[PDB]
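Only one chain is given next, in structure tokens, and it is the form deposited in one PDB entry.
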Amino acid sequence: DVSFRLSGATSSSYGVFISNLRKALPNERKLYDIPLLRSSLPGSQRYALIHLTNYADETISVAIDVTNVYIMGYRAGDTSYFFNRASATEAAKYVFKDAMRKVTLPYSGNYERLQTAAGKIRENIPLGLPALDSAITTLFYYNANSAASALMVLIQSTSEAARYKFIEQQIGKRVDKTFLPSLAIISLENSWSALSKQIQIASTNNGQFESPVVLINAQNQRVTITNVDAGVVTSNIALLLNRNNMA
């Protein structure tokens, strides 16, 4: 388990939370000093709970699958909420077991469905610590008219932040303000599995990728990444999706 409290939060306390979250995920190996996530884990080891408290002291617990940092559902009070996907009915056999009511949300938790459900693309959804406070509030008083957008703020403030130092930093520096994520953030989010796959191939091919990954930079320039000396591998990506946990 890992916790983050919005009351009294600072850039620093967010960074501590995201480092603790990365640490919570099991890894036996590192490649280029980056933790390589496990490809399979027994149920009793597969989930971690992130407890989030907003400024108003209301708390939600978020269940994540530690092999892929995917959120499977959350609990607020006596009720649990899970994504509609097989992996989420599997998580429900292990977490939030003594919830009184269990609701299955109407979507897998993937972005193309959440953006359709929210009627907004990620670039137009505010992030930053105040946005995370508001997302905790909206999910705690669940309403289908508002939950998709809040879930995308949740996912980006936890999973994507844990996957990339750049996303962590950008969100954490907004302690009293909010901001729209640049194409750079959208591109890192989109590309996590492909970058992870190539980084593992590189470790068996002298640091060279077998297929390039195109990312968007700070100038909204499309850049082609082809090896482990690229800044995204040396100083940004912080977790690797195991090649045998995609296919």
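When you see a residue number, it is the position in the sequence shown, counting from 1.
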query	finding
Given 232-240 and 21-29, the range whose Cα B-factors average higher in the PDB entry	21-29
Mean temperature factor over C-alpha atoms, higher-scoring stretch between 201-209 and 62-70	201-209
Of the residues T79, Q170, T158, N124, the one carrying the largest Cα B-factor as recorded	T79
Peak C-alpha temperature factor (PDB record), options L36, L52, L180, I216	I216
B-factor third for the C-alpha atom of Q221 within its chain	highest
Where the record places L139 (Cα B-factor, split into thirds across the chain)	middle
Position of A56 among the chain's modelled residues by C-alpha B-factor, lowest, middle or highest third	highest
CA B-factor placement of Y164, once the chain's modelled residues are sorted into thirds	lowest
Third of the chain, ranked by Cα B-factor, where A117 sits	highest
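Not pictured, yet referred to below: the form solved in complex with a partner chain.
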| query | finding |
| --- | --- |
| Contact of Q169 with the partner chain in the bound PDB entry (heavy atom, 4.5 Å) | yes |
| Close approach of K173 to the partner chain in the bound PDB entry, 4.5 Å, heavy atom | yes |
| Residue contact check: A184 to the partner chain in the bound PDB entry, 4.5 Å heavy atom | yes |
| Proximity of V66 to the partner chain in the bound PDB entry, heavy atoms at 4.5 Å | no |
| In the bound PDB entry, the residue from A238, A9, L21, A230 that sits within 4.5 Å of the partner chain by heavy atoms | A230 |
| The partner chain: the contacting residue among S44, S40, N206, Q219 in the bound PDB entry [heavy atom, 4.5 Å] | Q219 |
| Listed range touching the partner chain, judged in the bound PDB entry by heavy atoms within 4.5 Å, from 53-61, 196-204, 209-217, 30-38 | 209-217 |
